[PDB]
C-alpha cells in the first residue's frame, strides 16, 4: 500500500450561540483506517494541536477491517458549540486539515491550496447567529394606523412573527418599533430586520 486514505469533507459553516454537526467520509484502498486527527497546519507529523478549543471530533469503529471502503466509508463527526464571544468580521474562518492513517502508516498529505477545500482540507466559517435564520413571511397584523402602532399592536406583531418562525431561539428578543419595523436580536447580539410593509397593514386608504 503506497496510497494514503482519501478524505471528502465539505463547506463547514457554523454560527455563534449554536451547536453544529458535520461529517467527513474517509476511504482507503486497504479498506481500513486506524486513526483520524483534525488539526491546524502548524506542527510536526505527530502534532494533534487543534484550535479553536470548542471544535470537537470523534470516529467510531476505528482499527476494524472494512471500516473505510467505497461502499461503506469511515464517518468522522465534527461538532461543537460555538461561543457567543467568538469574533466575526469578514475573514472569520479557520482552514483545518483531516489526517487519517491506514494500517501501513501512510497518512493523508496536507497541501496548502484552496483547490483542495472540501477534501482533506476544509474551511470552518464562523458567522453571526443571524446568518443561520431567514425569517418566514408572517401573518399580516391589521393595525389602526401605520404611523402610530400601540404597545398591544406591537406585541401582536412580535407574536405573529414568532408564530411563523418557531425555529428561532426561545431567548431571541423580537422587538417592534412605532412604525412596525421588526428587529430580531439573537443571543450573540446580531440582528435581522423585517420591513414594516411585510408584517403590518391598515385600512386608512
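We call the rigid core whatever largest set of C-alpha positions still superposes within 1.5 Å between the two forms. Positions refer to the first chain, counted from 1.
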Seminar exercise, completed: By Cα RMS to this form in 5 other deposited structures of this protein after fitting the core, the stretch ranking higher of 72-80 and 130-138 is 130-138
Exercise. How about residue 102: is it missing in a third or more of the other compared entries?
Worked result: no
Problem set entry | Other entries modelling both neighbours but not residue 112, at least a third | no
Exercise. Hey, which bit's got the bigger mean C-alpha B factor in the entry, 97-105 or 82-90?
Worked result: 82-90
For this session: For the higher mean C-alpha B factor in the entry, choose 170-178 or 41-49.
Result: 41-49
Seminar exercise, completed: Looking only at 36, 136, 26, 158, the Cα with the top B-factor belongs to 136
Exercise. So where's residue 59 on the chain's Cα temperature factor ranking, which third?
Worked result: highest
Seminar exercise, completed: Quick tally, chain-level thirds of C-alpha B-factors: residue 145 sits in the highest
Problem set entry | Cα B factor band for residue 123 (lowest, middle or highest third within the chain) | lowest
Exercise. When the modelled residues of the chain are sorted by Cα temperature factor, does residue 200 land in the lowest, middle or highest third?
Worked result: lowest
Exercise. Looking at the C-alpha B-factor of residue 72, is it in the lowest, middle or highest third of its chain?
Worked result: lowest
